[PDB]
Ligand SMILES: Cc1cc2nc3c(=O)[nH]c(=O)nc-3n(C[C@H](O)[C@H](O)[C@H](O)COP(=O)(O)OP(=O)(O)OCC3O[C@@H](n4cnc5c(N)ncnc54)[C@H](O)[C@@H]3O)c2cc1C
Ligand SMILES: Cc1cc2nc3c(=O)[nH]c(=O)nc-3n(C[C@H](O)[C@H](O)[C@H](O)COP(=O)(O)OP(=O)(O)OCC3O[C@@H](n4cnc5c(N)ncnc54)[C@H](O)[C@@H]3O)c2cc1C
Ligand SMILES: NC(=O)c1ccc[n+]([C@@H]2O[C@H](COP(=O)([O-])OP(=O)(O)OC[C@H]3O[C@@H](n4cnc5c(N)ncnc54)[C@H](OP(=O)(O)O)[C@@H]3O)[C@@H](O)[C@H]2O)c1
Ligand SMILES: NC(=O)c1ccc[n+]([C@@H]2O[C@H](COP(=O)([O-])OP(=O)(O)OC[C@H]3O[C@@H](n4cnc5c(N)ncnc54)[C@H](OP(=O)(O)O)[C@@H]3O)[C@@H](O)[C@H]2O)c1
Ligand SMILES: [Mg+2]
Ligand SMILES: [Mg+2]
């Protein structure tokens, strides 16, 4: 057999990863994709995705992901459910190392490892993920029409999130661990003006009650005191996100919070032949359509760079 | 109202879908002639989510009907004028009625430039494509042509050699309007054959492109390239005419947007889809930017 040199390796599942895989495959770049031992993206918990254009009746998160995945496979993507520990990006013939110690190399690399939402890690929380507890108001906010809900955080996100929710919720109760707020004095100012916004300062969350649905939010420390229950039917966490740039952070330019910077209005990182899609880069709109778009854009950018770069030949 | 959306298509519809779900009560002017670039596409295979592919119109209808479901007001009529300066923006329909909003989302996209030769429009998406990243796959091992003498025609034709066994680049003049590296790369490709000083005049075939009727040979005339697929690469024309005095556009007419966002050069005015994008003209891309416009506009509206 002739063991050729691969054109593209993709790091990451999720809409950005799989769309890139789909495009690269269809462009006969024979993409090798490392899905992760724990594959899928943020959508593997979302019960009903209603704002992915094309699905008038909505689609289950995982259903959507399997289709993207199966699409990718159909055009010849090599998908592998394993993790990348190391990544050498400098030079032509880039390199990637999996958890088993095996090295896998390619001419271009598509970074699409996304970004984990920061969670409270309180007993009831992960259980009710996407059946009461969301981390995204632009996604799930609709599903809480006229309900009494909470928003957890004291930052610009928590403010923006909670303010936005007021168009659906009748009560948005903004809960926060400390007295001051690490958020802006305009976002706070806007939050304070909203008649549906109620503040709960110096209170940490202790649990999230309910079996099928959020039933209450167990608060605790009242600066000095302790224990209480906000009778809410939905809890939006707004602690921020943690982009998965650890493999790449300082071979490549990243912002202070760890998001990969990309050149101009493109997907090209600060290293030739290395490209970045999805929420690993995007910190403004964390949608699947936007992830899928950028994923596609990576694959096209990479094609062009490859074409430009074998073409001297 | 908070937001008026100008344009149907993936960018328009996704923006509408998002705005609607955000309870911004979006008014969308679809155009008297709906749909986008996809209303001609027979089989869409690289829109992520559709393992079995979907017909262009089918996909569009779903996007449309999705938008309707979350409370979009869709109107199949044309906007003739657009006043964007100030708060309380304005739009005027072909019937002379004014419709106003706080924000506006420009999503009028960009029409591919066609030859307008009798056979061509009839076989649109059944032989004649305007997009190699889209339809290139469908031409495996076929003899095809690419029409143009610019960098697109070069890029397009060079890309297609991955699938086609012959890509025959036909062009009206001796001299090529394209770059001398794109040309250079086009010349080095074994599968690339040039046809200079030749205009196209028809496209033969009923169910499929069967030949490409070539024309004037500088002095001579008439001939037939036995091709089974014709890719047009004459460029695109972005529909910025309503907006091209108020908002910043590039020389070719594409709306410039601020940084990595959808905001044009006028506060409260936003641009998505192929009206802005001139590098990847995909539906996923347009849908993405559509959505990004809605979110940008919501945040701008909320900021106040
Ligand atoms: C409840 C909910 C509802 C939502 N609703 C919508 C909606 O309606 N419409 C919409 O468009 N969006 C929606 N979203 C947002 C959407 O989930 C995200 O924007 C999307 O998941 C981003 O994908 P990504 O590819 O950028 O990264 P991710 O989704 O995180 O996927 C990237 C990944 O890469 C893998 N990975 C990372 N590093 C490695 C490594 N070193 N080795 C191997 N694998 C690795 C991980 O396993 C993960 O799968 C919703 C989200 C949630 C949580
Ligand atoms: C043959 C073909 C195959 C394709 N295949 C794929 C594919 O497989 N996968 C993929 O991802 N992409 C594909 N594409 C590309 C995709 O179709 C485009 O990116 C998409 O159509 C762009 O949509 P848009 O929102 O930019 O607006 P466009 O689609 O460019 O146009 C939308 C429209 O908006 C309306 N409009 C314009 N001006 C006004 C106005 N002033 N007032 C009211 N309405 C107005 C018009 O009615 C028009 O229909 C294909 C394109 C073609 C032609
Ligand atoms: N331009 C923008 O604003 C933009 C737009 C959209 C999204 N974003 C995203 O938003 C982030 C920006 O920061 P942010 O707005 O999220 O604020 P943040 O800086 O992340 O603030 C987090 C604060 O929330 C509180 N908190 C964290 N964990 C808690 C817990 N377990 N229990 C109780 N309280 C807890 C803490 O307050 P204390 O430490 O004070 O106790 C913590 O300091 C970025 O990561 C970005 O991804 C940014
Ligand atoms: N940068 C890229 O490589 C690339 C990538 C993606 C998208 N695009 C987009 O595609 C366009 C790039 O420009 P382009 O290379 O397509 O050229 P263009 O800028 O769109 O110009 C069109 C030219 O095509 C020529 N032409 C070729 N054949 C013709 C014919 N049969 N009849 C009439 N005119 C004919 C004409 O000039 P002559 O006949 O004198 O040559 C005409 O001026 C831009 O709109 C850009 O947004 C480009
Ligand atoms: Mg955040
Ligand atoms: Mg073009």
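Numbers in chain B come straight from Swiss-Prot, and the residues shown are 15-318, in order.
Each Cβ is built from the backbone N, Cα and C atoms, and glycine gets one as well.
Feature list (source: Swiss-Prot):
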{"type": "BINDING", "residues": "B:22-25, B:44-51, B:60, B:93, B:288, B:295-298", "note": "FAD binding site"}
{"type": "DISULFID", "residues": "B:145-B:148", "note": "disulfide bond"}
{"type": "BINDING", "residues": "B:166, B:185, B:191, B:248, B:268, B:295", "note": "NADP(+) binding site"}
Among B:25, B:60, B:185, B:248, B:268, which are recorded as binding-site residues, the nearest neighbour of residue B:145 (disulfide bond) by Cα: B:248
Mapped DSSP class for residue B:298 (FAD binding site), helix or strand or coil: helix
Least buried by Cβ count (within 10 Å) of the binding-site residues B:46, B:60, B:166: B:46
Spatial neighbour of residue B:268 (NADP(+) binding site) that is closest, considering only the binding-site residues B:46, B:60, B:295, B:298 and their CA atoms: B:295
Greatest C-beta neighbour count within 10 angstroms, which of the recorded positions B:25, B:145, B:148, B:248, B:298: B:25
Least surrounded among the binding-site residues, given as B:185, B:295, when other CB atoms within 10 Å are counted: B:295
Whole-number Å value for how far residue B:148 (disulfide bond) lies from residue B:191 (NADP(+) binding site) (Cα to Cα): 24
Minimum Cα separation from residue B:22 (FAD binding site), reported as the residue among recorded positions B:148, B:166, B:248 that achieves it: B:148
Which same-chain residues, if any, lie at least 6 apart from residue B:49 (FAD binding site) yet have Cβ under 8 Å of it: B:22, B:23, B:71, B:74
Subset of B:25, B:60, B:166, B:185, B:248, B:298 (binding-site residues) with C-beta under 8 Å from chain A: B:60, B:298
Among B:166, B:185, B:248, which are recorded as binding-site residues, the nearest neighbour of residue B:295 (FAD binding site) by Cα: B:166
